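Peer 1: Here it is, the structure, as structure tokens.
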Amino acid sequence: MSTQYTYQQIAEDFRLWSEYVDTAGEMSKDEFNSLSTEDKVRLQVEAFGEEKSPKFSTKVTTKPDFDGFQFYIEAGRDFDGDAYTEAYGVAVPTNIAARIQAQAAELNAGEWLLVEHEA
């Protein structure tokens with residue numbers, strides 16, 4: 001499974017790039033300018049190899065402010081596959097859905113997961 005967002009999203013957000021790339025290490029903003037955008041992708045893809053099929057990934061976020069066109073799941077709340085299919089109108093793998101529900105049970109309060117995909 002994967003808990004990190006897409007490579008393009010990470011590149012756009014400097015904070016995510018530094019945090020994901022290094023657990024404690026920091027990355028200066030000027031370094032990004034020096035490196036080519038294409039080059040950045042090569043380094044990120046090299047670490048995780050190459051993938052062709054789509055994968056389900058979520059990220060932990062803090063309670064966001066008023067917004068729209070977004071879906072968040074309250075921590076400590078059970079989440080079935082039915083809700084997912086209703087929210088996005090698409091089917092989800094049974095094994096993956098079960099994993100998500102299990103995660104909710106052990107999920108720490110105060111942490112919200114964001115579910116998104118590309119069609």
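Chains: A, B, ... in order of the structure tokens. Residues: from 1 per chain. Ligands: from 1, in order shown.
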Tell me, as a ChimeraX atom specification, which residues lie within 12 Å of residue A:16, counting only C-alpha atoms; anything in the same chain fewer than 4 positions away does not count.

Peer 2: /A:3-12,20-23,26-27,59-61

Peer 1: Can those selected residues be exported to a file as an mmCIF file, in the first residue's frame so that it contains C-alpha atoms?

Peer 2:
data_model
loop_
_atom_site.group_PDB
_atom_site.id
_atom_site.type_symbol
_atom_site.label_atom_id
_atom_site.label_comp_id
_atom_site.auth_asym_id
_atom_site.auth_seq_id
_atom_site.Cartn_x
_atom_site.Cartn_y
_atom_site.Cartn_z
ATOM 1 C CA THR A 3 0.352 6.590 2.135
ATOM 2 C CA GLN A 4 1.944 9.255 -0.083
ATOM 3 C CA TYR A 5 0.172 11.357 -2.711
ATOM 4 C CA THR A 6 1.028 11.284 -6.411
ATOM 5 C CA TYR A 7 4.485 12.378 -7.541
ATOM 6 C CA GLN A 8 3.133 15.465 -9.307
ATOM 7 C CA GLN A 9 1.294 16.635 -6.185
ATOM 8 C CA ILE A 10 4.394 16.134 -4.040
ATOM 9 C CA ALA A 11 6.514 18.180 -6.442
ATOM 10 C CA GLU A 12 4.020 21.052 -6.342
ATOM 11 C CA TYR A 20 8.317 12.668 2.411
ATOM 12 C CA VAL A 21 11.863 12.618 1.061
ATOM 13 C CA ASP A 22 13.441 13.087 4.483
ATOM 14 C CA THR A 23 12.006 12.259 7.902
ATOM 15 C CA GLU A 26 14.998 19.637 5.184
ATOM 16 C CA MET A 27 15.065 20.719 1.538
ATOM 17 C CA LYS A 59 -2.679 10.742 3.453
ATOM 18 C CA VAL A 60 -3.103 11.907 7.047
ATOM 19 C CA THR A 61 -4.304 15.495 7.398
#

Peer 1: Which residues come within 8 Å of residue A:109, counting only C-alpha atoms, excluding same-chain residues fewer than 2 positions away, as a short mmCIF file (atom, residue, chain, number, x, y, z; two decimals) with C-alpha atoms, in the first residue's frame?

Peer 2:
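Contents of selection-v8.cif, as written:
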data_model
loop_
_atom_site.label_atom_id
_atom_site.label_comp_id
_atom_site.auth_asym_id
_atom_site.auth_seq_id
_atom_site.Cartn_x
_atom_site.Cartn_y
_atom_site.Cartn_z
CA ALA A 75 -11.22 9.17 12.78
CA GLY A 76 -12.68 6.39 14.92
CA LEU A 107 -6.47 4.93 13.42
CA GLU A 111 -5.95 12.13 12.12
#

Peer 1: Env of stretch 64-71 of chain A: 12 Å cut, atoms = only C-alpha atoms, seq-sep filter 5 positions within chain, self excluded. Answer as a list in words.

Peer 2: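 Within the cut-off, the hits are residues 58, 83, 84, 86, 87, 88, 110, 111, 112, 113, 114, 115, 116 and 117 of chain A.
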
Peer 1: Could you tell me how far atom CA of residue A:42 sits from atom CA of residue A:25, in Å to one decimal place?

Peer 2: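 Between these atoms lies a distance of 20.2 Å.
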
Peer 1: Counting only C-alpha atoms, what is within 12 Å of residue A:99, bar same-chain residues fewer than 3 positions away, as a PyMOL selection string?

Peer 2: chain A and resi 1+56-57+78-81+92-96+102-107

Peer 1: Mind writing the picked residues with C-alpha atoms as a PDB file, in the first residue's frame?

Peer 2:
ATOM      1  CA  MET A   1       0.000   0.000   0.000  1.00  0.00           C
ATOM      2  CA  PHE A  56      -5.041   3.261  -3.727  1.00  0.00           C
ATOM      3  CA  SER A  57      -3.256   5.798  -1.523  1.00  0.00           C
ATOM      4  CA  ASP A  78     -16.064   2.734  10.587  1.00  0.00           C
ATOM      5  CA  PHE A  79     -15.932   3.065   6.804  1.00  0.00           C
ATOM      6  CA  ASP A  80     -17.518   0.456   4.536  1.00  0.00           C
ATOM      7  CA  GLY A  81     -17.017  -0.070   0.805  1.00  0.00           C
ATOM      8  CA  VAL A  92     -13.520  -0.599  -5.063  1.00  0.00           C
ATOM      9  CA  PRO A  93     -11.608  -3.911  -4.434  1.00  0.00           C
ATOM     10  CA  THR A  94     -12.961  -5.951  -1.524  1.00  0.00           C
ATOM     11  CA  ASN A  95      -9.513  -6.700  -0.084  1.00  0.00           C
ATOM     12  CA  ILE A  96      -8.513  -3.031  -0.165  1.00  0.00           C
ATOM     13  CA  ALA A 102      -9.196  -2.173   9.653  1.00  0.00           C
ATOM     14  CA  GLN A 103      -7.053   0.960   9.522  1.00  0.00           C
ATOM     15  CA  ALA A 104      -9.941   3.036  10.862  1.00  0.00           C
ATOM     16  CA  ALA A 105     -10.167   0.820  13.946  1.00  0.00           C
ATOM     17  CA  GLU A 106      -6.479   1.354  14.742  1.00  0.00           C
ATOM     18  CA  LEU A 107      -6.470   4.928  13.420  1.00  0.00           C
TER      19      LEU A 107
END

Peer 1: Quick one: pick out all strand (DSSP E) residues within chain A from a backbone DSSP run and write them as a list in words.

Peer 2: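 Filtering chain A to strand (DSSP E) leaves residues 58, 59, 60, 61, 72, 73, 112, 113, 114 and 115 of chain A.
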
Peer 1: Could you tell me which of A:55, A:29, A:17, A:73 comes closest to residue A:41 if we count only C-alpha atoms?

Peer 2: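 The answer is A:17, which sits nearest to residue A:41.
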
Peer 1: What residues in chain A get the DSSP label alpha helix (DSSP H)? Please answer as number ranges by chain.

Peer 2: A: 7-12, 14-21, 29-34, 37-48, 81-88, 94-106

Peer 1: I'd like the interatomic distance between atom CA of residue A:47 and atom CA of residue A:35, to a tenth of an Å.

Peer 2: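 Interatomic distance, atom CA of residue A:47 to atom CA of residue A:35: 17.0 Å.
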
Peer 1: Atom CA of residue A:15 and atom CA of residue A:28, how far apart in Å?

Peer 2: 10.0 Å
